[PDB]
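Reading through the structure tokens given below for one structure.
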Amino acid sequence: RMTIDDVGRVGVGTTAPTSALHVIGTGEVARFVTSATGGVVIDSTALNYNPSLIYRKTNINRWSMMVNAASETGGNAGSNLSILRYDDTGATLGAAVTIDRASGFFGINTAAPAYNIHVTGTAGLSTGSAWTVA
Amino acid sequence: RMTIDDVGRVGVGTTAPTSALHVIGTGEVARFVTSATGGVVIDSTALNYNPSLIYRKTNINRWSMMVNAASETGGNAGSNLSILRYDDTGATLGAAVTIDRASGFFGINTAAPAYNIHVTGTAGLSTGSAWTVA
Amino acid sequence: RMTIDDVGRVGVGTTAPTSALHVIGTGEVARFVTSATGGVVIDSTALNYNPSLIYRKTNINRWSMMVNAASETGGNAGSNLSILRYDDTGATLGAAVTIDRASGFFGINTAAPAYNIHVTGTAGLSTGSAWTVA
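Protein chains in written order, with full-length UniProt numbering: chain A, 648 to 781; chain B, 648 to 781; chain C, 648 to 781.
Right, here's the structure in full:
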């Protein structure tokens with residue numbers, strides 16, 4: 648059920664691990680329970696590396712939420728959040744969503760959003776053509 | 648503290664692990680660091696098994712971000728990214744957000760987004776009633 | 648490159664574990680594979696402890712997806728979903744995205760969205776000034 652490879656890779660549910668930690672399971676594979684506000688951290692060793700949460704089917708890329716390598720030039724620039732989609736073979740089809748760290752601007756199909764919501768494409772509303780002035 | 652049960656469930660910080668990996672902590676329960684792009688890869692062994700990140704409170708479903716089981720019919724159709732909300736007992740309230748993998752279309756309360764942003768219901772904007780022509 | 652220490656924290660690839668589980672690897676780092684719909688669960692032990700997925704860079708907060716601190720007072724109130732952003736020194740900068748658990752309302756820069764999409768700020772659309780009635 649659990650093995651440790653010569654290079655240094657820990658496999659749970661498998662004897663041939665592919666990652667540092669490789670867990671095989673049914674249903675809830677891993678459960679991380681905290682006695683306080685917190686959870687799982689995805690960290691990087693350098694600001695030019697991208698911490699990613701990657702959703703795969705049949706080990707083929709499908710979706711991912713990551714912190715991109717936009718450089719931190721000062722004033723909270725760079726390291727923005729992006730939700731990326733991938734084709735049926737695992738090659739990136741582009742950032743579906745991008746949130747800028749410094750401004751919080753939410754871009755749909757937009758790499759550099761200049762508005763609080765910035766949509767590049769078409770917009771559909773089920774109830775009318777105008778926003779409601781909140 | 649660390650325990651390896653007979654069925655094959657590794658419990659870190661607990662003796663009765665319910666998942667294949669079951670980690671218990673305070674604050675930072677788990678930390679996954681990368682030296683490139685990666686961190687947490689959620690994979691499934693078949694195209695009709697949905698890889699999910701599940702947020703729970705007192706072991707009751709609150710939220711989830713997953714790749715749904717929409718049929719991959721070709722041309723990057725299917726396997727879309729859904730964010731789901733659950734009621735106070737943990738039962739699903741529906742996909743609050745759905746992004747199409749083929750198109751990148753972003754549906755808010757819209758299971759079949761037809762526009763780059765597609766909202767079903769009301770739209771509220773603090774700064775007026777129209778989109779700014781970008 | 649796998650140790651257990653006094654406080655019983657398991658570290659993989661490190662010998663100084665700082666969390667209950669601490670993994671560092673080249674690339675993927677941790678892969679959770681499920682044989683059925685399921686994946687990783689982040690849980691808490693009380694309704695006021697908030698499960699979170701925290702993206703850091705050099706162990707400094709950059710982004711967050713977490714169940715927020717709104718009080719569960721009945722009718723699926725409270726414990727909304729939040730995408731938070733942090734400044735260059737890891738301090739909270741603001742909740743970019745907030746989804747109401749009870750209503751599914753999607754607020755951009757709005758902690759209590761009162762519309763299916765509630766935007767506090769400006770809105771830019773590439774194709775025009777108006778929604779397309781769906």
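Note that beta-carbon positions come from the ideal geometry of N, C-alpha and C, so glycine has one too.
| Check | Outcome |
| --- | --- |
| Nearest to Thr-705(B) by CA position, among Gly-737(B), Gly-741(B), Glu-675(B) and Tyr-696(B), is which residue? | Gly-737(B) |
| Which partner residues does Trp-778(B) have in the DSSP bridge list? | The partner list for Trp-778(B) (beta bridge, DSSP) is empty, contrary to what the question assumes. |
| Who are the Cβ neighbours of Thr-661(C) in its own chain at under 7 Å, not counting the five residues just before and after it? | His-669 and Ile-671 |
| Can you give me the start and stop residues for the beta strand (DSSP E) that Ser-699(A) sits inside? | 698-704 |
| For a cutoff of 8 Å on Cβ pairs, would you count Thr-769(C) as touching chain A? | yes |
| Give me the Cα-Cα distance between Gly-722(C) and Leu-740(B), rounded to the nearest whole angstrom. | 12 Å |
| Run through the DSSP bridge pairs and tell me what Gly-754(B) is partnered with. | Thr-745(B) and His-765(B) |
| Go ahead and label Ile-651(B) buried or exposed: buried means 16 or more other beta carbons lie within 10 angstroms of its beta carbon, across all protein chains shown. | exposed |
| Starting from the Cα of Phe-752(B), find the closest Cα among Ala-683(B), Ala-724(B) and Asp-690(B) and give me that residue. | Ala-724(B) |
| Taking the alpha-carbon positions, what's the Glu-719(A) to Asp-653(B) distance? | 48 Å |
| Does DSSP put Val-654(B) in a helix, a strand or coil? | coil |
| Just to confirm my understanding: we take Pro-664(A), look at its own chain, exclude 5 residues before and 5 after, and list those with CB closer than 8 Å. What are they? | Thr-650, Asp-652, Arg-656, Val-657 and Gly-658 |
| Kindly indicate which three-state DSSP category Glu-675(A) falls into: helix, strand or coil? | strand |
| What's the call for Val-780(B), buried or exposed, on a 16-neighbour Cβ count within 10 Å? | exposed |
| So which residues on chain A does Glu-719(C) lean against when the C-beta distance must stay under 9 Å? | Neighbours of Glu-719(C) on chain A: none; closest Cβ ~15 Å, over 9 Å. |
| Which partner residues does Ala-770(B) have in the DSSP bridge list? | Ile-764(C) |
| Report the partner residues of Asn-708(A) according to the DSSP bridge assignment. | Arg-703(A) |
| Please list the residues of the stretch 692-710 of chain C that have a C-beta atom closer than 7 Å to any C-beta atom in chain A, keeping them in chain order. | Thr-692, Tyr-696, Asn-697, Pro-698, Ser-699, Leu-700, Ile-701, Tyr-702, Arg-703, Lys-704, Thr-705, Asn-706, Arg-709 and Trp-710 |
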